[PDB]
Amino acid sequence: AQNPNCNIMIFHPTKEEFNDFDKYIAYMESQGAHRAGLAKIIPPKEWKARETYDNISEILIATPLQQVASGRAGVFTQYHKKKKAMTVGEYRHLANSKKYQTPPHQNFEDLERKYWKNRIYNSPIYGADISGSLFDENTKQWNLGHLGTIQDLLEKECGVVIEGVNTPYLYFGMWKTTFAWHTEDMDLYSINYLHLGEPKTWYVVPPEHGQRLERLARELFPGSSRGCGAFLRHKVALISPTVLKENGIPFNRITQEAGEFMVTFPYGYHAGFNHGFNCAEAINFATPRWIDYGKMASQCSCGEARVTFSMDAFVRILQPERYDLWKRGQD
Ligand SMILES: O=C(O)CNC(=O)C(=O)O
Ligand SMILES: [Mg+2]
Ligand code: NI
Ligand SMILES: [Zn+2]
């Protein structure tokens, strides 16, 4: 068995290996990358996502989200308070302000310490989940707006044509902006490219151990767990590495820098934080290996998780028994 300790693997594809996206994912899996839940891909030196980032300031962040925490430093939830619209240039200036800017630090590990010590005492503002792309249309390799769609994958594997679309999303971050512990919708893959700016630190639980994280979460967030049998689908709970280690939960960590891709694999729980002003692009995708995970994915039906239009068909075809209850949660 390849990668039996479920370490995060880092790949350096050549420009020739960068041509065929599906083939390279399958290669990474042949080497055991998925066992970690997360892999890093450093693009060949010849590649670029676009020519420059000098002209992005007028992108609008219609609904910036202030991430307000509750709990203790290592075990907390966050809610998202909607703020007034602002441009990316306005948001960059805000991120760099004395109130929001990254503190002085020695190295990534020092900054990580500071994050976990102090995150709860601040409420950073995240420009998350913005439909759009920063890849140039002429970028032919690993262009996240040009990937094979999940609907087409389901049709290819299973024979059933379904409605829905699959487009990327932009994320504008600042120091302490946080992504809560989650797997993807329908336990899909995700791919995330850090276009510019400061790093993003990731934590991940191997897919084979995801239920250990779920059991801890039920213990740590006992009200939330009574409310919903899949409350991590709400994407609000944080648990620190220290707490994970105290509770024996297997996990790994890695820091993504600008110019690097990360792939999350089906049922790979992940969480993390941004170091300072940055912009990432991410999208979900599927492969043949996903289908079995999609069929088994948990679902939130309490009403909180509320998701895209295109998840309807995935539930309807892959999980027909659950469909009625899940759709009630959507309406
Ligand atoms: O970058 C973020 O805020 C969150 N990203 C992801 O969870 C991802 O790419 O799967
Ligand atoms: Mg612009
Ligand atoms: Ni994710
Ligand atoms: Zn729920």
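Per Swiss-Prot, chain A residues shown: 11-341, in order.
The backbone N, Cα and C atoms fix where each Cβ goes, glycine too.
Taken residue by residue with DSSP, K245 (2-oxoglutarate binding site) is part of neither helix nor strand, so it is coil. Residues annotated as 2-oxoglutarate binding site in Swiss-Prot: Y136, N202, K210, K245.
Sequence annotations record features per position, and here Swiss-Prot assigns Fe cation binding site to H192, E194, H280 based on sequence analysis. Long-range C-beta contacts of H280 (Fe cation binding site), restricted to its own chain and to partners at least six residues apart, with a cutoff below 8 Å, comprise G47, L48, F189, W191, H192, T193, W212, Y213, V214, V215, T274.
Long-range Cβ contacts of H244 (Zn(2+) binding site) within its own chain (separation 6+, distance under 8 Å): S234, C238, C310, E314, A315. What Swiss-Prot records for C238, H244, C310, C312 is Zn(2+) binding site, and it gives a large-scale study or a structure entry as the kind of evidence.
Long-range contacts of the domain 'JmjN' (18-60) within its own chain (CB-CB distance under 8 A, at least 6 residues past either end) are made by residues 11-12, 144-146, 149-153, 157-158, 199, 203, 205, 212, 214-218, 262-264, 266, 269-280, 297, 299. What Swiss-Prot records for 18-60 is domain 'JmjN', and it gives sequence analysis as the kind of evidence.
According to Swiss-Prot, the domain 'JmjC' annotation covers 146-312.
Marked as polyADP-ribosyl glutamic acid by Swiss-Prot: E26 (among others). Within 10 Å of the C-beta atom of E26 (polyADP-ribosyl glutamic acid) sit 9 other C-beta atoms, taking all shown protein chains into account.
Under DSSP, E27 (polyADP-ribosyl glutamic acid) is assigned to coil, being neither helix nor strand in the three-state scheme. With a 10 A radius on its CB, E27 (polyADP-ribosyl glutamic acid) counts 14 other CB atoms from all the protein chains. Positions annotated as polyADP-ribosyl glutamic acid by Swiss-Prot: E27 (among others).
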What number of additional C-beta atoms lies within 10 angstroms of the C-beta atom of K210 (2-oxoglutarate binding site)?
25
Please identify, among the recorded positions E26, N202, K245, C312, the one with the smallest Cα-Cα distance to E194 (Fe cation binding site).
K245
Extra residues within 8 Å (Cβ to Cβ centroid of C238, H244, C310, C312), Zn(2+):
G237, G239, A240, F241, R243, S311, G313, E314, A315, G339
Cβ within 8 angstroms of the Cβ centroid of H192, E194, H280: which residues besides those meet this for the Fe cation site?
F189, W191, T193, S200, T274, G278, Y279, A281
When you measure from each Cβ to the nearest atom of ligand 4, which of the recorded positions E26, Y136, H192, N202, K245, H280 fall under 6 angstroms?
none
